[PDB]
Amino acid sequence: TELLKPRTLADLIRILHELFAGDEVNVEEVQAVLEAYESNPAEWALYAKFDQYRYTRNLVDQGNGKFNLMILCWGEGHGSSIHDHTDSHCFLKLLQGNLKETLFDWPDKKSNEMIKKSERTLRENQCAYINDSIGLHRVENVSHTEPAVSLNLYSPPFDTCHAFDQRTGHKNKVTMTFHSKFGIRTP
Ligand SMILES: [Fe+2]
(Lines of atoms letter the chains of each structure in order from A and count residues from 1; the text may use other names and numbers.)
(Lines give C-alpha, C1' and ligand atoms only; values in the text may rest on other atoms or scores of the structure.)
Protein backbone atom coordinates (compact mmCIF):
# COMPACT_ATOMS: atom_id res chain seq x y z
CA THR A 1 0.00 0.00 0.00
CA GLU A 2 3.20 2.08 -0.16
CA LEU A 3 2.83 4.59 -2.99
CA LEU A 4 6.16 5.85 -4.38
CA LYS A 5 6.79 8.43 -7.08
CA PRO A 6 7.05 6.83 -10.50
CA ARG A 7 10.50 7.73 -11.85
CA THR A 8 9.62 6.77 -15.42
CA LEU A 9 6.69 5.51 -17.48
CA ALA A 10 7.97 1.93 -17.09
CA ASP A 11 8.11 2.49 -13.34
CA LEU A 12 4.54 3.81 -13.34
CA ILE A 13 3.37 0.75 -15.24
CA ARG A 14 5.06 -1.50 -12.66
CA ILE A 15 3.35 0.39 -9.83
CA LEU A 16 0.02 0.14 -11.65
CA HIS A 17 0.41 -3.62 -11.91
CA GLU A 18 0.77 -3.73 -8.11
CA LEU A 19 -2.23 -1.44 -7.47
CA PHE A 20 -4.46 -3.57 -9.70
CA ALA A 21 -3.23 -6.92 -8.38
CA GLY A 22 -6.49 -7.29 -6.48
CA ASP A 23 -10.21 -7.38 -7.27
CA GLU A 24 -10.97 -3.81 -6.27
CA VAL A 25 -9.54 -0.39 -7.13
CA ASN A 26 -8.38 2.37 -4.83
CA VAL A 27 -9.32 5.22 -7.15
CA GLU A 28 -7.58 7.92 -5.14
CA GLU A 29 -4.31 6.00 -5.04
CA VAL A 30 -4.35 5.30 -8.79
CA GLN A 31 -5.10 8.98 -9.52
CA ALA A 32 -2.32 10.08 -7.18
CA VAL A 33 0.28 7.86 -8.80
CA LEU A 34 -0.74 8.93 -12.33
CA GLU A 35 -0.58 12.60 -11.30
CA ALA A 36 2.86 12.03 -9.67
CA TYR A 37 4.49 10.73 -12.87
CA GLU A 38 6.21 13.70 -14.53
CA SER A 39 5.68 13.48 -18.27
CA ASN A 40 8.91 12.73 -20.11
CA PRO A 41 8.18 12.85 -23.86
CA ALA A 42 11.12 10.59 -24.80
CA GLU A 43 9.51 7.80 -22.78
CA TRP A 44 6.17 7.87 -24.58
CA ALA A 45 7.10 9.14 -28.06
CA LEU A 46 6.77 5.57 -29.42
CA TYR A 47 3.05 5.58 -28.63
CA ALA A 48 2.26 9.12 -29.69
CA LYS A 49 0.92 8.34 -33.15
CA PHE A 50 -1.32 11.14 -34.46
CA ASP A 51 -3.94 11.03 -37.20
CA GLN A 52 -4.84 14.15 -39.19
CA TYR A 53 -8.59 13.78 -38.87
CA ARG A 54 -9.32 12.48 -35.41
CA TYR A 55 -7.83 11.55 -32.04
CA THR A 56 -6.07 8.20 -31.79
CA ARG A 57 -5.95 5.50 -29.12
CA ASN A 58 -2.59 3.81 -28.67
CA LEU A 59 -2.41 0.78 -26.41
CA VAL A 60 0.56 0.80 -24.05
CA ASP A 61 -0.21 -1.96 -21.54
CA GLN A 62 -2.95 -4.52 -21.02
CA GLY A 63 -2.45 -4.65 -17.27
CA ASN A 64 -2.55 -8.43 -17.14
CA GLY A 65 -6.27 -8.23 -17.99
CA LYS A 66 -7.08 -5.76 -15.19
CA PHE A 67 -6.89 -2.50 -17.17
CA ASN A 68 -5.98 -1.00 -20.52
CA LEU A 69 -3.36 1.70 -20.31
CA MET A 70 -3.22 3.76 -23.49
CA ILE A 71 -1.97 7.02 -24.98
CA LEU A 72 -4.43 9.27 -26.74
CA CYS A 73 -3.25 11.81 -29.32
CA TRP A 74 -5.53 14.77 -29.90
CA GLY A 75 -4.76 16.88 -32.93
CA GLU A 76 -5.74 20.55 -32.98
CA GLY A 77 -9.51 20.77 -32.77
CA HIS A 78 -9.95 17.05 -32.17
CA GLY A 79 -12.67 15.94 -29.77
CA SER A 80 -14.59 12.89 -28.63
CA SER A 81 -18.29 12.23 -28.67
CA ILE A 82 -20.32 12.51 -25.48
CA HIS A 83 -19.85 9.07 -24.02
CA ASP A 84 -20.05 6.73 -21.05
CA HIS A 85 -17.44 4.28 -19.82
CA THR A 86 -19.22 0.94 -19.71
CA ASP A 87 -19.22 0.64 -15.91
CA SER A 88 -15.43 1.07 -15.78
CA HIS A 89 -13.11 3.41 -13.93
CA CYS A 90 -11.60 5.97 -16.30
CA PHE A 91 -8.47 8.00 -15.57
CA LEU A 92 -7.14 10.71 -17.88
CA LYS A 93 -3.67 12.22 -17.30
CA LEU A 94 -2.41 15.05 -19.51
CA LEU A 95 1.09 14.43 -20.79
CA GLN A 96 1.17 17.39 -23.17
CA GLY A 97 -1.10 20.36 -23.91
CA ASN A 98 -4.61 21.08 -22.64
CA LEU A 99 -8.01 19.43 -22.96
CA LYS A 100 -11.51 20.70 -22.27
CA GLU A 101 -13.73 18.23 -20.40
CA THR A 102 -17.49 18.80 -20.49
CA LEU A 103 -19.76 16.89 -18.06
CA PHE A 104 -23.30 15.84 -18.94
CA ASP A 105 -26.04 14.17 -16.88
CA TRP A 106 -27.46 10.85 -18.06
CA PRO A 107 -30.39 11.78 -20.31
CA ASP A 108 -33.98 11.18 -19.33
CA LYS A 109 -35.73 8.96 -21.87
CA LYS A 110 -37.59 12.00 -23.19
CA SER A 111 -35.86 13.33 -26.30
CA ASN A 112 -34.37 16.65 -25.13
CA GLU A 113 -31.11 18.58 -25.59
CA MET A 114 -28.32 17.51 -23.24
CA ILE A 115 -27.23 20.62 -21.32
CA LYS A 116 -23.73 20.78 -19.83
CA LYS A 117 -23.61 20.19 -16.10
CA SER A 118 -20.14 21.74 -15.99
CA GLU A 119 -16.81 21.98 -17.73
CA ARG A 120 -13.16 22.26 -16.78
CA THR A 121 -9.77 22.69 -18.37
CA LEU A 122 -7.40 19.78 -17.84
CA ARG A 123 -3.80 20.95 -17.76
CA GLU A 124 -0.40 19.28 -18.22
CA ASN A 125 0.37 16.51 -15.69
CA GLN A 126 -3.11 16.71 -14.04
CA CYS A 127 -5.06 13.47 -13.76
CA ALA A 128 -8.85 13.53 -14.12
CA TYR A 129 -11.18 10.72 -13.09
CA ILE A 130 -14.62 9.76 -14.36
CA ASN A 131 -17.06 6.87 -13.97
CA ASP A 132 -20.69 6.35 -15.00
CA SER A 133 -22.03 7.38 -11.58
CA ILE A 134 -20.36 10.78 -12.02
CA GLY A 135 -21.83 11.33 -15.46
CA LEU A 136 -21.11 11.44 -19.19
CA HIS A 137 -18.32 13.48 -20.73
CA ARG A 138 -16.89 14.94 -23.88
CA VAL A 139 -13.15 15.62 -24.11
CA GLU A 140 -11.77 18.04 -26.71
CA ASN A 141 -8.53 19.68 -27.71
CA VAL A 142 -9.79 23.16 -28.49
CA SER A 143 -6.31 24.47 -29.29
CA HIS A 144 -5.61 25.74 -32.82
CA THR A 145 -1.87 25.38 -32.34
CA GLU A 146 -0.98 22.66 -29.83
CA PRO A 147 -1.56 18.91 -30.12
CA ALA A 148 -2.52 17.30 -26.82
CA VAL A 149 -1.40 13.91 -25.50
CA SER A 150 -3.06 12.11 -22.61
CA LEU A 151 -2.36 8.91 -20.72
CA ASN A 152 -5.62 7.03 -20.11
CA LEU A 153 -6.38 4.03 -17.90
CA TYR A 154 -9.64 2.11 -18.01
CA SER A 155 -10.52 -0.64 -15.57
CA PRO A 156 -11.96 -3.13 -16.29
CA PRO A 157 -10.86 -2.94 -19.95
CA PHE A 158 -13.68 -2.18 -22.37
CA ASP A 159 -13.72 -1.92 -26.16
CA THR A 160 -17.34 -0.76 -26.58
CA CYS A 161 -19.32 2.20 -25.21
CA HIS A 162 -22.15 4.57 -26.06
CA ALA A 163 -22.03 7.83 -27.94
CA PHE A 164 -24.82 10.32 -27.10
CA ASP A 165 -26.46 12.76 -29.51
CA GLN A 166 -26.33 16.11 -27.70
CA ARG A 167 -29.56 17.26 -29.29
CA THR A 168 -31.78 14.33 -28.30
CA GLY A 169 -29.84 12.32 -25.75
CA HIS A 170 -30.24 9.25 -27.95
CA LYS A 171 -27.41 6.77 -27.55
CA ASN A 172 -25.73 4.51 -30.09
CA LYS A 173 -23.29 1.71 -29.33
CA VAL A 174 -19.76 2.37 -30.54
CA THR A 175 -16.78 0.01 -30.84
CA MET A 176 -13.42 1.46 -29.92
CA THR A 177 -10.46 0.57 -32.12
CA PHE A 178 -6.78 0.94 -31.33
CA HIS A 179 -4.65 2.99 -33.73
CA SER A 180 -1.58 1.14 -32.46
CA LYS A 181 -0.60 -1.50 -29.92
CA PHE A 182 2.74 -1.66 -28.11
CA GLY A 183 4.17 0.89 -30.53
CA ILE A 184 2.93 -1.02 -33.58
CA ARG A 185 0.45 0.48 -36.02
CA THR A 186 -2.61 -1.78 -36.16
CA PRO A 187 -4.89 -0.89 -39.12
FE1 LIG B 1 -14.17 9.40 -21.70
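Residues 4-190, in that order, are what chain A shows, numbered as in Swiss-Prot.
Heads up, the Cβ atoms here are built off N, Cα and C, so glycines get one too.
As written in Swiss-Prot, here are the features:
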type: BINDING; residues: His86, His88, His140; note: Fe cation binding site
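Note on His140 (Fe cation binding site): other Cβ atoms within 10 Å of its Cβ, all shown chains, come to 21. According to DSSP, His86 (Fe cation binding site) is assigned to a strand segment.
Surrounding the centroid of the Cβ atoms of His86, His88, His140, where the record places Fe cation, the chain contributes additional residues within 8 Å, namely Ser83, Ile85, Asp87, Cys93, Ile133, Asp135, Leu139, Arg141, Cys164.
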